[PDB]
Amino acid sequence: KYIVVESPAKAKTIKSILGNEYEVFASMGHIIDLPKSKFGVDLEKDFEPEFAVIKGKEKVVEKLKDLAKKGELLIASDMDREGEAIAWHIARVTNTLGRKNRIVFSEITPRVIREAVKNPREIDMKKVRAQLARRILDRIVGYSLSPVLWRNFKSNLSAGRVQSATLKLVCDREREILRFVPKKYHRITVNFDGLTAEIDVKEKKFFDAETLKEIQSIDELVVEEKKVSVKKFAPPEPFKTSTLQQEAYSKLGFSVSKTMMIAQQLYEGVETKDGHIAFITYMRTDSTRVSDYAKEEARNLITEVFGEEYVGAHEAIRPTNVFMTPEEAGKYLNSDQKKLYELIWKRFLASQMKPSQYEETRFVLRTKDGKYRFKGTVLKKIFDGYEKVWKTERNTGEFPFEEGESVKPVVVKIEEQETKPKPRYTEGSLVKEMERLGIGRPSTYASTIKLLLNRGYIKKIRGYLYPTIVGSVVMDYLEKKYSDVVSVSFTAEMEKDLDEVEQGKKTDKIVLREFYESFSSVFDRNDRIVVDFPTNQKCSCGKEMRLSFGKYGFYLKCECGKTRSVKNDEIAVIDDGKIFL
């Protein structure tokens, strides 16, 4: 039998497992694709795609056709929609579509691979159609709007729908920050015996001088209320793509593209001095489910290392072999791979362990004159559970006081503060928002963010993301002329529709016809657009400046002073028609 995969890494890992009973072949990427500069879909044949062998890949195609005549040609592409389409192109070119020739697995390990090759299935055409519909949607937007956007702002909308929705998130965040009005208030805390409590107020308040003097004068309080209860904390869930990207960003400082690159290495199998080893399950997943076999191995490890009292077709991202500890993994993994494997391993083991248990004491203290109250909480650890693996800090302490008892000495701390706006997104917290709103999917979170940064539509400064002049100006255009079509809401609706096509709950054709109706009814190909915005900038003579766009790109001008040039990626947000630089 012959097995075909996309990558040399996967081919070597698979060949290591199967030996000489199977010949394993890598295609070295895609063989067939839509045209690179023809539109490629026939809008008069109900969105018929036009495929051709990619230049340079003709020989691979010939080899595949030859193999298919010599033996069963099994296809071991990754298990996502893209992989299913790869499988379909190979089956079509070899005239084997409909055979049981597609191998499905979430991990490249001996037990799993050996079973998977024995149980091939037919290519899932609903999954293929969901992929193709995505390609067609992107191609319609891309080939309609990128020329319009080149003519007017010298920039493009590839990865389009999802990319414009995500850009909108960043702009909306920036306007929220712009419009925020901070409020001064006092933070007032009392401190006694290692415990703290905050003043009890209906809203954040700026106290007057005489009230502050009084509060600062407090040196004794009385316990008004003491309530003790059991508090359990759930272990983390096993990673899925979205939460891996978020945590690798916040815990390791990895960009979401670096995380996915490393995760792919760990899944496909790394070459070692002695062979090849897969470390984790497939990295594009929306599931946090764990196989029964992996659950059992985890129970066995927990039992052995920690004790029984600690024990708690898409799959979570998790270690293929939980007994390969992060420390042992270090002899095979580079520094970045080791950090990522360690994260994944700790999250998985912790997810299989018992909740932790604490006793929580919530208390209220009052002054003797009854004028002021202060509220606090403290925890006491009963059982660490999963926190033995997933490191957690909590406000632990003791409340050695009863209701009605006086406490002295107390120390009051008064600090003037100002309310703060929402923080900007980071790559990780932008992924979180894309998941929240339904606009990203496992295969598109990282690529969307990367493209936005690469086109200079957003800019990263000390890890926070800012919209730029070109991002803002492009988004404003799309909002004005393609309001419904480019909305976060419509993007989310389309992504849900494509999930439904994959699941066989909607047809590709119905989804495509709906989109095209909405798009075509607003698409104006001959649109010419003079950039002309009021700004928050002033020139020497006192006048307001205006933003314009010429042969050397963006510039500011006033009906008096000289013209100041601006880079496409200078930070900027548009609000009520005015650009704020």
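One rule holds for the numbers: they count along the sequence shown, beginning at 1.
Gap check for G312 to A313: 10 or more deposited residues are absent from the model. Between the stretches 545-553 and 28-36, it is 28-36 that shows the larger average CA temperature factor. According to the PDB record, 187-195 carries the higher mean C-alpha B-factor of the two stretches 84-92 and 187-195. When the C-alpha B-factors of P110, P235, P421, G253 are read from the PDB record, the largest value belongs to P421. Within the group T259, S144, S351, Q246, the record's highest C-alpha temperature factor is found at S144. Ranked by C-alpha B-factor against the other modelled residues of its chain, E50 falls in the highest third. Remark: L512 belongs to the middle third of its chain, ranked by C-alpha B-factor as recorded.
Among the modelled residues of its chain, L64 has a C-alpha B-factor that falls in the lowest third according to the deposited record.
Compared with the other modelled residues of the chain, the Cα B-factor recorded for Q537 ranks in the middle third. Among the modelled residues of the chain, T13 sits in the lowest third by CA temperature factor in this PDB entry.
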